[PDB]
Structures are given as C-alpha cells and as structure tokens.
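Data block below; observations after.
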Amino acid sequence: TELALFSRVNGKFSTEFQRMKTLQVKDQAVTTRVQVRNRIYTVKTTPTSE
Amino acid sequence: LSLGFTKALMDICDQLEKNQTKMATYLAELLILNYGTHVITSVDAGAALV
C-alpha cells in the first residue's frame, strides 16, 4: 500500500507472506528366496542281505 | 546272472519241486519286488540341463 497526501505526507506498507511445505515418503521392500535341492546317489540294500 | 538272482531262482525251483504253489507264488512276488519287472539291457550315459 502506498499513500500520498498533499504531495508531502508519504506512507508505505509492504507485507509479504511465504509458506513452503515439502513432504516425501519412500517405501521399499526387497524379498528374496533361494532354494537348492541336490541329489547325488540313491543307495539301496541288496536282496541278498543278512 | 548274478549270484543273488540265481539263488532266488533256485529257491523258487526247489519250493516248486515240493509241490507247494502258495510259497512258490509268494517267492515269485518277492522276486519281482526285489529285482523289478523288466531288465535293462541299454542305457545312454548322458547329462541334461534346463
């Protein structure tokens, strides 16, 4: 606001209002599964077994 | 033939000579249980991957 009376009385009035806001979110979900199954022989009993 | 199969056959033969079909059948079923049904005369040594 600027006002001038009689070319002598000056009056100024300057207001400023800033409002900043910042939100953020970061969800993360890693999920791993390893499965290993391993066969190397099948061992059986002989029929002629005491 | 291996010793075990020959012995199984001899057992079945001698039990048959005694004119006892019940035990002969039982021994035959044990024979096919212990030595399977078919005999493998060929296999192809190999490997595989997927």
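Chain lettering (A, B, ...) mirrors the order of the structure tokens, residue numbering begins at 1 for each chain separately, and ligand numbering begins at 1 in order of display.
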Next item on the list: Output the contact residues of chain A with respect to chain B at a cut-off of 9 Å, based on only C-alpha atoms, as an MDAnalysis selection string.
Entry: chainID A and resid 46:48
Go ahead and write the residues just picked, N, CA, C and O atoms, as a PDB file, in the first residue's frame.
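The resulting part_6.pdb:
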ATOM      1  N   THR A  46      20.915-104.565  -0.997  1.00  0.00           N
ATOM      2  CA  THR A  46      20.922-105.705  -1.903  1.00  0.00           C
ATOM      3  C   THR A  46      19.914-106.744  -1.436  1.00  0.00           C
ATOM      4  O   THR A  46      19.723-106.907  -0.229  1.00  0.00           O
ATOM      5  N   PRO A  47      19.239-107.453  -2.345  1.00  0.00           N
ATOM      6  CA  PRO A  47      18.310-108.502  -1.899  1.00  0.00           C
ATOM      7  C   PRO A  47      18.974-109.612  -1.109  1.00  0.00           C
ATOM      8  O   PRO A  47      18.315-110.244  -0.275  1.00  0.00           O
ATOM      9  N   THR A  48      20.249-109.885  -1.355  1.00  0.00           N
ATOM     10  CA  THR A  48      20.971-110.907  -0.606  1.00  0.00           C
ATOM     11  C   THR A  48      21.642-110.283   0.611  1.00  0.00           C
ATOM     12  O   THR A  48      22.862-110.263   0.749  1.00  0.00           O
TER      13      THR A  48
END
Note to self: According to DSSP computed on the backbone, where in chain A is there strand (DSSP E)? Give the residues as a ChimeraX atom specification.
What the structure shows: /A:2-5,9-12
Every residue of chain B that DSSP places in alpha helix (DSSP H), as a tab-separated table (two decimals) with C-alpha atoms, in the first residue's frame:
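Saved the output as selection35.tsv:
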chain	number	residue	atom	x	y	z
B	3	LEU	CA	24.59	-114.79	-7.56
B	4	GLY	CA	21.52	-113.25	-5.96
B	5	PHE	CA	19.18	-113.74	-8.88
B	6	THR	CA	20.38	-117.30	-9.40
B	7	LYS	CA	19.79	-118.05	-5.73
B	8	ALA	CA	16.29	-116.60	-5.92
B	9	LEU	CA	15.54	-118.78	-8.94
B	10	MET	CA	16.93	-121.87	-7.21
B	11	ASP	CA	14.79	-121.15	-4.17
B	12	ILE	CA	11.70	-120.85	-6.35
B	13	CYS	CA	12.60	-124.05	-8.22
B	14	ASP	CA	13.15	-126.12	-5.08
B	15	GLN	CA	9.98	-124.77	-3.50
B	16	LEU	CA	8.16	-125.71	-6.69
B	17	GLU	CA	9.52	-129.26	-6.55
B	21	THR	CA	2.18	-123.36	-5.11
B	22	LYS	CA	1.39	-120.93	-2.29
B	23	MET	CA	5.01	-120.44	-1.25
B	24	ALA	CA	6.13	-120.56	-4.89
B	25	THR	CA	3.80	-117.67	-5.69
B	26	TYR	CA	4.93	-115.78	-2.61
B	27	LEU	CA	8.58	-116.20	-3.56
B	28	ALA	CA	7.83	-115.12	-7.14
B	29	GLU	CA	6.17	-111.94	-5.91
B	30	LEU	CA	9.15	-111.26	-3.66
B	31	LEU	CA	11.35	-111.88	-6.71
B	32	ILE	CA	9.59	-109.23	-8.76
B	33	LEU	CA	9.65	-106.94	-5.74
B	34	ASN	CA	13.40	-107.19	-5.21
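Residues surrounding residue 13 of chain A within 9 Å are residues 1, 2 and 3 of chain A [only C-alpha atoms; sequence separation below 5 positions excluded].
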